[PDB]
Amino acid sequence: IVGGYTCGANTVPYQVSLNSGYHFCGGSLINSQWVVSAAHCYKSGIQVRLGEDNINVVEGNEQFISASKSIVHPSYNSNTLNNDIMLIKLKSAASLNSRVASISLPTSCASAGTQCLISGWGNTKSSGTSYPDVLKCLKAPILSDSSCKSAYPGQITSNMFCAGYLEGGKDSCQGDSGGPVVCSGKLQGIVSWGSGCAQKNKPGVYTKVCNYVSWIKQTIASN
Ligand SMILES: *[O-]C1=C(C2=[C][C]=[C][C]=[C]2)[C]=C(O[C])[C]=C1C1=[C]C2=[C]C(C([N])=[N+])=[C][C]=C2[N]1
Ligand SMILES: [Ca+2]
Ligand SMILES: [Cl-]
C-alpha cells in the first residue's frame with residue numbers, strides 16, 4: 001500500500017496473508033473454512049495466516065492453517081485478468097473472535113463515490129521495493145466507469161472496477177494482490193492489478209465481487 005497508514009494490530013480481522021515461506025498475497029476470510037483471494041495468486045504449498053499484524057514476528061493471535069484446496073474461477077484469463085478470483089478451502093476451520101472474523105459478501109454492487117478500505121503487506125513505494133512488517137491501510141473511493149475506462153481503454157471488463165486517486169500517491173501495489181476492498185462492511189473488491197503503483201491517472205483495478213456472489217455460494221455449497 002503506497003500512501004496508506006498503519007492499520008493497528010487486528011483492526012482488520014478478516015485480512016489473511018497467503019504464505020509459501022514468505023508473504024506473496026493477501027486474501028479475505030468469508031467463513032471459518034473459506035478464504036477468497038485472486039486467481040493470479042494461485043500456487044501449491046499455501047499456508048493461510050490469520051490474525052496477523054507483524055508478519056515476521058509471532059505476537060499472539062495468529063492461526064496458521066494449510067489450504068486443503070484452491071479453486072481458481074474456471075473462466076479466469078491470465079492475459080486479461082478477467083475473473084481474477086479464487087476460493088481456498090482451509091484444512092480445518094479457524095477459531096473466530098474479535099481479532100479473526102469473516103467479512104460479509106455484498107447484496108448489491110457499490111456505486112462510484114463509495115469510500116472503501118484496502119489493506120495489505122505489499123510494497124509501500126511506487127518507485128522501488130519497501131515491504132512493511134505490519135499491515136497497512138488505505139481509504140479510497142470507487143471511481144466511475146468512464147474514468148476507469150478512460151484510464152485503461154480496452155482493458156476493463158464488467159468484472160472490474162477502479163478505485164483510488166487519479167492524482168497518484170495513494171494506491172495498492174504488489175504484495176497486496178488478493179486482498180480486500182471493503183465498503184460499508186461488505187467485501188466489494190479484490191486487489192487485482194494496475195500500471196505501476198500510485199502513478200498519476202493509473203488507478204488500481206479490482207475484481208468486482210458482487211458479480212460472483214452466486215458463484216462463490218454455489219461453489220462452497222458443493223465442496
Ligand atoms: O500482484 C502482483 C504480482 C503477483 C503475481 C503472482 C503472484 C503474486 C503476486 C506480481 C507483480 O509483479 C509482476 C505485481 C503484482 C501487482 C501489481 C499491482 C499493482 C496494483 C496497483 N497499482 N493498484 C495492485 C496490485 C498489484 N499487484
Ligand atoms: Ca506475526
Ligand atoms: Cl473501452
# chains A, B, ... in the order shown; residues from 1 in each chain; ligands from 1
$ residues_near_ligand --ligand "ligand 3" --cutoff "12 Å" --atoms "only C-alpha atoms and all ligand atoms" --output "compact mmCIF listing (two decimals) with C-alpha atoms, in the first residue's frame"
# COMPACT_ATOMS: atom_id res chain seq x y z
CA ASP A 145 -16.73 3.58 -15.07
CA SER A 146 -15.94 6.32 -17.59
CA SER A 147 -12.90 7.43 -15.63
CA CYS A 148 -11.78 3.81 -15.27
CA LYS A 149 -12.21 3.05 -18.99
CA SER A 150 -10.63 6.30 -19.99
CA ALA A 151 -7.53 5.29 -17.97
CA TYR A 152 -7.29 1.71 -19.20
CA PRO A 153 -9.07 1.83 -22.57
CA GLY A 154 -9.94 -1.69 -23.79
CA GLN A 155 -8.75 -3.39 -20.62
CA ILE A 156 -11.67 -3.10 -18.27
CA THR A 157 -14.35 -5.83 -18.36
CA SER A 158 -17.61 -5.74 -16.46
$ residues_near_ligand --ligand "ligand 1" --cutoff "9 Å" --atoms "only C-alpha atoms and all ligand atoms" --output "PyMOL selection string"
chain A and resi 1+24-25+38-43+122+126+162-164+170-178+191-199+202-206
$ write_last_selection --atoms "N, CA, C and O atoms" --output "CSV table (one decimal), in the first residue's frame"
chain,number,residue,atom,x,y,z
A,1,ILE,N,0.9,-1.2,0.0
A,1,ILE,CA,0.0,0.0,0.0
A,1,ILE,C,1.0,1.2,0.0
A,1,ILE,O,1.9,1.2,0.8
A,24,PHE,N,3.2,-13.6,-0.1
A,24,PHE,CA,3.1,-13.3,-1.5
A,24,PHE,C,1.7,-12.7,-1.9
A,24,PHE,O,1.7,-12.1,-2.9
A,25,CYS,N,0.7,-12.9,-1.1
A,25,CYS,CA,-0.6,-12.3,-1.5
A,25,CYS,C,-1.5,-12.2,-0.2
A,25,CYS,O,-1.2,-12.8,0.8
A,38,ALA,N,-7.3,-13.7,-5.1
A,38,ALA,CA,-7.2,-13.5,-6.6
A,38,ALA,C,-6.7,-14.8,-7.2
A,38,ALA,O,-5.8,-15.4,-6.7
A,39,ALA,N,-7.2,-15.1,-8.4
A,39,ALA,CA,-6.7,-16.3,-9.2
A,39,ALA,C,-5.2,-16.2,-9.5
A,39,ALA,O,-4.5,-17.2,-9.6
A,40,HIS,N,-4.7,-15.0,-9.8
A,40,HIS,CA,-3.3,-14.9,-10.2
A,40,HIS,C,-2.3,-15.2,-8.9
A,40,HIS,O,-1.1,-15.2,-9.1
A,41,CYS,N,-2.9,-15.4,-7.8
A,41,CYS,CA,-2.1,-15.6,-6.6
A,41,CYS,C,-2.0,-17.2,-6.4
A,41,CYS,O,-1.3,-17.6,-5.5
A,42,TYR,N,-2.7,-17.9,-7.2
A,42,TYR,CA,-2.6,-19.4,-7.1
A,42,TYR,C,-1.2,-20.0,-7.2
A,42,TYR,O,-0.3,-19.6,-7.9
A,43,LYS,N,-1.0,-21.1,-6.4
A,43,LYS,CA,0.2,-21.8,-6.4
A,43,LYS,C,0.0,-23.0,-5.4
A,43,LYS,O,-1.0,-22.9,-4.7
A,122,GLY,N,1.8,-5.3,1.1
A,122,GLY,CA,2.5,-5.1,-0.2
A,122,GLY,C,3.4,-3.9,-0.1
A,122,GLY,O,3.4,-3.1,0.8
A,126,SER,N,6.3,3.6,-4.9
A,126,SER,CA,5.8,3.4,-6.3
A,126,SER,C,7.0,3.2,-7.2
A,126,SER,O,6.9,2.6,-8.3
A,162,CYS,N,-12.4,0.4,-10.9
A,162,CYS,CA,-11.2,1.1,-10.5
A,162,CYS,C,-11.6,1.8,-9.2
A,162,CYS,O,-12.7,2.2,-8.9
A,163,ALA,N,-10.5,2.0,-8.4
A,163,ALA,CA,-10.7,2.7,-7.1
A,163,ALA,C,-9.4,3.4,-6.8
A,163,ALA,O,-8.3,2.8,-7.1
A,164,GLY,N,-9.4,4.5,-6.2
A,164,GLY,CA,-8.1,5.2,-6.0
A,164,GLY,C,-8.2,6.7,-6.2
A,164,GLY,O,-9.2,7.3,-6.1
A,170,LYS,N,-1.4,7.5,-3.7
A,170,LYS,CA,-2.1,6.5,-2.8
A,170,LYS,C,-2.6,5.4,-3.6
A,170,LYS,O,-3.4,5.7,-4.5
A,171,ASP,N,-2.2,4.2,-3.4
A,171,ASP,CA,-2.7,3.0,-4.2
A,171,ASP,C,-2.3,1.7,-3.5
A,171,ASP,O,-1.6,1.7,-2.5
A,172,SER,N,-2.8,0.6,-4.1
A,172,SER,CA,-2.4,-0.7,-3.5
A,172,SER,C,-1.2,-1.0,-4.5
A,172,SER,O,-1.0,-0.3,-5.4
A,173,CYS,N,-0.5,-2.0,-4.2
A,173,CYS,CA,0.7,-2.4,-5.0
A,173,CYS,C,1.0,-3.9,-4.9
A,173,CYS,O,0.2,-4.6,-4.3
A,174,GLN,N,2.1,-4.3,-5.5
A,174,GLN,CA,2.4,-5.8,-5.5
A,174,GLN,C,2.6,-6.2,-4.0
A,174,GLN,O,3.2,-5.5,-3.2
A,175,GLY,N,2.1,-7.3,-3.7
A,175,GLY,CA,2.1,-7.9,-2.3
A,175,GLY,C,0.7,-7.7,-1.7
A,175,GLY,O,0.3,-8.4,-0.8
A,176,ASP,N,0.0,-6.8,-2.3
A,176,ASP,CA,-1.4,-6.5,-1.8
A,176,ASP,C,-2.4,-7.4,-2.6
A,176,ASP,O,-3.6,-7.6,-2.1
A,177,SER,N,-2.0,-7.8,-3.8
A,177,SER,CA,-2.9,-8.7,-4.7
A,177,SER,C,-3.6,-9.8,-3.9
A,177,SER,O,-3.0,-10.4,-3.0
A,178,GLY,N,-4.9,-10.0,-4.2
A,178,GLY,CA,-5.7,-11.0,-3.5
A,178,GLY,C,-6.4,-10.4,-2.3
A,178,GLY,O,-7.4,-11.0,-1.9
A,191,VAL,N,-8.0,-7.0,-4.7
A,191,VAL,CA,-6.8,-6.3,-5.3
A,191,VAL,C,-6.4,-7.2,-6.5
A,191,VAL,O,-6.0,-8.3,-6.3
A,192,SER,N,-6.4,-6.6,-7.7
A,192,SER,CA,-6.0,-7.4,-8.9
A,192,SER,C,-4.8,-6.8,-9.6
A,192,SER,O,-3.8,-7.4,-9.6
A,193,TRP,N,-4.9,-5.6,-10.2
A,193,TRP,CA,-3.8,-5.1,-11.0
A,193,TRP,C,-3.8,-3.6,-11.1
A,193,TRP,O,-4.7,-2.9,-10.5
A,194,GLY,N,-2.9,-3.0,-11.8
A,194,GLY,CA,-2.8,-1.6,-12.0
A,194,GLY,C,-1.5,-1.4,-12.8
A,194,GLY,O,-0.8,-2.3,-13.0
A,195,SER,N,-1.2,-0.2,-13.3
A,195,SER,CA,0.0,0.1,-14.1
A,195,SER,C,0.9,0.8,-13.1
A,195,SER,O,0.6,1.9,-12.7
A,196,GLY,N,1.9,0.1,-12.7
A,196,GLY,CA,2.9,0.6,-11.6
A,196,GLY,C,2.0,0.7,-10.4
A,196,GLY,O,1.0,0.1,-10.3
A,197,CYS,N,2.4,1.6,-9.5
A,197,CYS,CA,1.7,1.8,-8.2
A,197,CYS,C,1.8,3.3,-8.0
A,197,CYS,O,2.8,3.9,-8.2
A,198,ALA,N,0.6,3.7,-7.6
A,198,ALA,CA,0.3,5.1,-7.3
A,198,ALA,C,0.8,6.2,-8.3
A,198,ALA,O,1.1,7.3,-8.0
A,199,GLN,N,0.7,5.7,-9.6
A,199,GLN,CA,1.1,6.7,-10.7
A,199,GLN,C,-0.2,7.5,-11.0
A,199,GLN,O,-1.3,7.1,-10.7
A,202,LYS,N,-3.4,6.5,-13.2
A,202,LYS,CA,-3.4,5.0,-13.3
A,202,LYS,C,-3.9,4.4,-12.0
A,202,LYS,O,-3.1,4.0,-11.2
A,203,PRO,N,-5.2,4.5,-11.8
A,203,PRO,CA,-5.8,3.9,-10.6
A,203,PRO,C,-5.7,2.4,-10.4
A,203,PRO,O,-5.2,1.7,-11.4
A,204,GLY,N,-6.1,1.8,-9.3
A,204,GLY,CA,-6.0,0.4,-9.1
A,204,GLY,C,-7.2,-0.2,-9.7
A,204,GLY,O,-8.2,0.5,-9.8
A,205,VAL,N,-7.1,-1.4,-10.1
A,205,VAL,CA,-8.2,-2.2,-10.7
A,205,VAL,C,-8.4,-3.4,-9.8
A,205,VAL,O,-7.5,-4.0,-9.3
A,206,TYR,N,-9.7,-3.6,-9.5
A,206,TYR,CA,-10.2,-4.6,-8.6
A,206,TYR,C,-11.2,-5.5,-9.2
A,206,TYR,O,-12.0,-5.1,-10.1
$ residues_near_ligand --ligand "ligand 2" --cutoff "8 Å" --atoms "only C-alpha atoms and all ligand atoms" --output "PyMOL selection string"
chain A and resi 51-60+62
$ write_last_selection --atoms "N, CA, C and O atoms" --output "tab-separated table (two decimals), in the first residue's frame"
chain	number	residue	atom	x	y	z
A	51	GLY	N	-5.02	-13.69	11.77
A	51	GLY	CA	-4.68	-12.89	12.99
A	51	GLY	C	-3.32	-12.24	13.00
A	51	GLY	O	-2.75	-11.97	14.05
A	52	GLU	N	-2.82	-11.97	11.83
A	52	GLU	CA	-1.51	-11.33	11.72
A	52	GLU	C	-1.50	-9.80	11.73
A	52	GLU	O	-2.45	-9.15	11.36
A	53	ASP	N	-0.38	-9.28	12.17
A	53	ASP	CA	-0.20	-7.80	12.18
A	53	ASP	C	1.24	-7.77	11.65
A	53	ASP	O	1.48	-7.52	10.49
A	54	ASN	N	2.19	-8.06	12.50
A	54	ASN	CA	3.60	-8.06	12.06
A	54	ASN	C	3.79	-9.47	11.46
A	54	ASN	O	3.73	-10.44	12.21
A	55	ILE	N	4.00	-9.60	10.18
A	55	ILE	CA	4.18	-10.96	9.55
A	55	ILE	C	5.53	-11.62	9.78
A	55	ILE	O	5.67	-12.77	9.40
A	56	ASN	N	6.45	-10.91	10.39
A	56	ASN	CA	7.78	-11.53	10.64
A	56	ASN	C	7.99	-11.92	12.10
A	56	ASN	O	9.01	-12.48	12.42
A	57	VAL	N	7.02	-11.61	12.92
A	57	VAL	CA	7.07	-11.93	14.39
A	57	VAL	C	5.85	-12.65	14.90
A	57	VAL	O	4.78	-12.20	14.56
A	58	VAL	N	5.90	-13.69	15.67
A	58	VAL	CA	4.67	-14.36	16.18
A	58	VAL	C	4.44	-13.48	17.47
A	58	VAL	O	5.23	-13.47	18.38
A	59	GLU	N	3.34	-12.77	17.50
A	59	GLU	CA	2.97	-11.87	18.62
A	59	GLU	C	1.76	-12.35	19.40
A	59	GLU	O	1.44	-11.80	20.43
A	60	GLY	N	1.13	-13.35	18.89
A	60	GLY	CA	-0.07	-13.91	19.52
A	60	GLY	C	-1.23	-13.56	18.58
A	60	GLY	O	-1.13	-12.58	17.87
A	62	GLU	N	-2.22	-15.34	16.12
A	62	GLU	CA	-2.06	-15.97	14.77
A	62	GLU	C	-2.57	-17.41	14.74
A	62	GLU	O	-2.51	-18.15	15.71
$ closest_residue --among "A:114, A:127, A:98, A:207" --to "residue 180 in chain A" --atoms "only C-alpha atoms"
A:207
$ closest_residue --among "A:89, A:125, A:136, A:69" --to "residue 10 in chain A" --atoms "only C-alpha atoms"
A:136
